[PDB]
Protein chains: 2
Amino acid sequence: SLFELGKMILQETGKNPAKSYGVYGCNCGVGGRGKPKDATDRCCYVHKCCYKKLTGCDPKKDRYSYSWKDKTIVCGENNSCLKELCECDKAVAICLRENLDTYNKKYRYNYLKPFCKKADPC
Amino acid sequence: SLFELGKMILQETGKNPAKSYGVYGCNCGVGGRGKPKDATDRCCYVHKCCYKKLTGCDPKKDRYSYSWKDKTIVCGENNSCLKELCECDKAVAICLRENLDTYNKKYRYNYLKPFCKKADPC
Ligand SMILES: O=C(/C=C/c1ccc(O)c(O)c1)O[C@H](Cc1ccc(O)c(O)c1)C(=O)O
């Protein structure tokens with residue numbers, strides 16, 4: 001669910017996840033996908049495509065548990081949606097961390113998301 | 001389309017429409033609906049429910065014709081759906097104008113949109 005996703009992003013990036021990514025670029029947070037502005041945005045693009053692969057899951061509401069082993073996220077749920085959502089969320093939190101150095105606050109509150117150029121199909 | 005809506009909002013409110021309303025509250029701009037935060041937001045809630053009622057046209061994409069003369073909006077009726085779409089947009093622009101007095105900049109970039117409480121079904 002959103003709560004787990006936010007926590008993973010917070011735990012991997014150290015940033016306030018909704019504030020920093022909730023409206024970032026053409027793909028992060030609210031709304032859909034669009035041409036990525038940068039690497040951080042591409043992380044979010046990939047994340048939304050990851051969600052789209054799933055059938056019958058609710059990425060916003062479906063709560064799952066995850067744990068830490070050796071400072072790495074462990075997705076141990078047996079429920080297929082919960083496992084897959086967890087893996088999508090883990091991947092985007094890692095990707096956002098990996099690309100932290102090019103985070104650009106200019107993109108943080110993108111009130112022009114609806115005018116983003118159309119994303120390529122997932 | 002978003003172009004006519006933005007034009008009406010700028011005509012009626014004098015505000016940069018995407019900057020002022022593109023991420024405002026739980027209902028304005030990008031994203032879906034949610035419990036309205038204030039009167040401006042409630043304008044946006046009603047607007048998105050208006051869009052949901054339409055049949056036969058696409059509120060994001062489809063252009064339509066209206067006139068702005070003597071600071072009054074008149075919607076064209078060459079197409080019945082575009083007429084209704086135009087009326088949705090006209091109503092939100094007026095509603096936003098009339099609630100500018102309680103516009104709250106703290107709600108302008110609502111990066112917590114996905115955590116809005118469930119909106120009233122339309
Ligand atoms: O706790 C909530 C929301 C709870 C909630 C309430 C209704 C919903 O429909 C829903 O999906 C969630 O709001 C925020 C939570 C929050 C999450 C991630 C952040 O990065 C943050 O700054 C705040 C707050 O503390 O003000």
Side-chain angles (χ1 to χ4, degrees), chain A residues 1-32 37-41 43-48 50-52 54 56-60 62-68 73 75 77 79 81-82 84-86 88-104 106-111 113, chain B residues 22-38 40-42 44-49 52 104-105 107-122:
Chain A
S1 75
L2 279 170
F3 179 53
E4 288 80 55
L5 172 62
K7 283 196 296 182
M8 292 184 184
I9 290 173
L10 174 66
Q11 290 168 331
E12 287 293 340
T13 69
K15 291 186 159 292
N16 179 325
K19 188 174 182 181
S20 299
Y21 300 104
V23 202
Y24 186 108
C26 287
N27 296 274
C28 298
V30 61
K37 293 283 188 171
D38 66 3
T40 284
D41 209 15
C43 297
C44 295
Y45 175 94
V46 166
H47 182 239
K48 284 179 173 168
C50 187
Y51 282 171
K52 177 185 269 275
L54 301 177
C57 307
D58 188 328
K60 179 172 179 180
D62 288 350
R63 314 200 344 184
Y64 61 80
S65 295
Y66 67 95
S67 59
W68 293 92
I73 293 164
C75 293
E77 299 278 13
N79 174 270
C81 278
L82 298 191
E84 296 299 331
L85 290 173
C86 183
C88 294
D89 292 347
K90 169 174 172 183
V92 74
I94 291 171
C95 185
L96 292 173
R97 174 194 84 210
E98 285 180 341
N99 291 285
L100 258 188
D101 186 63
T102 61
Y103 183 94
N104 192 332
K106 88 199 280 194
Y107 296 136
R108 177 174 66 173
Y109 300 137
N110 186 13
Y111 53 84
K113 275 181 183 293
Chain B
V23 204
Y24 188 105
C26 286
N27 296 271
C28 302
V30 67
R33 295 170 289 111
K35 177 177 189 175
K37 294 179 131 308
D38 68 358
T40 285
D41 206 14
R42 207 171 319 271
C44 289
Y45 168 82
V46 169
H47 181 241
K48 277 179 167 50
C49 290
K52 210 168 213 319
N104 191 340
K105 287 168 61 68
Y107 300 151
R108 173 181 281 179
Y109 300 132
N110 183 20
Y111 52 79
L112 298 171
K113 277 180 182 291
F115 301 101
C116 296
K117 288 185 174 66
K118 171 73 173 191
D120 286 1
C122 295

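Atoms within each ligand, like the ligands themselves, are counted from 1 in listed order. Quick note on labels: first sequence line is chain A, next is B, and so on, each numbered from 1. The figures that follow rest on heavy atoms only: side chains count, while hydrogens, waters and symmetry mates do not.
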*Run down the list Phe115(B), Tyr21(A), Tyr111(B) and name the one with the heavy atom closest to atom 6 (C) of ligand 1.*
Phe115(B)
*Answer yes or no for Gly6(A): is there a heavy-atom contact with ligand 1 below 4.0 Å?*
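In this structure, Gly6(A) fails to qualify as a contact of ligand 1 - no heavy atom is under 4.0 Å.
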*Among pairs that include at least one residue of residues 88-99 of chain A, which meet side-chain hydrogen bond (donor to acceptor under 3.5 Å, both in side chains), considering only residues two or more places apart or in two chains?*
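For residues 88-99 of chain A: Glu12(A)-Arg97(A), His47(A)-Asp89(A), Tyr51(A)-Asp89(A), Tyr64(A)-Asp89(A).
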_Test item: side-chain donor near acceptor, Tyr24(B) and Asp38(B), under 3.5 Å_ =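 Yes, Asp38(B) and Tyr24(B) have a side-chain donor paired with an acceptor closer than 3.5 Å.
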*Report yes if some heavy atom in the side chain of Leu96(A) is under 4.5 Å from a heavy atom in the side chain of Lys15(A); otherwise report no.*
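A side-chain contact is absent here, since even the closest heavy-atom pair is not under 4.5 Å.
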*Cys116(B) heavy atoms, cut-off 4.0 Å: which ligand 1 atoms fall inside?*
7 (C), 8 (C), 9 (O)
*asked:* Can you name the atoms of ligand 1, numbered from 1 with element, that are less than 4.0 Å from a heavy atom of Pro17(A)?
replied: 20 (O)
_At under 4.0 Å between heavy atoms, is it the side chain or the backbone of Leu112(B) that contacts ligand 1, or both, or neither?_
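Side chain only; the backbone of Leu112(B) stays clear of ligand 1.
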*Give a yes or no on this: more than 12 heavy atoms of other residues, nucleotides or ligands lie within 6.0 Å of atom NZ of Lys7(A).*
yes
For residues 114-122 of chain B, please give each side-chain donor-acceptor pair under 3.5 Å, one per line with the distance, not counting sequence neighbours.
none

*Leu2(A), any N or O under 3.5 Å of ligand 1 N or O*: no
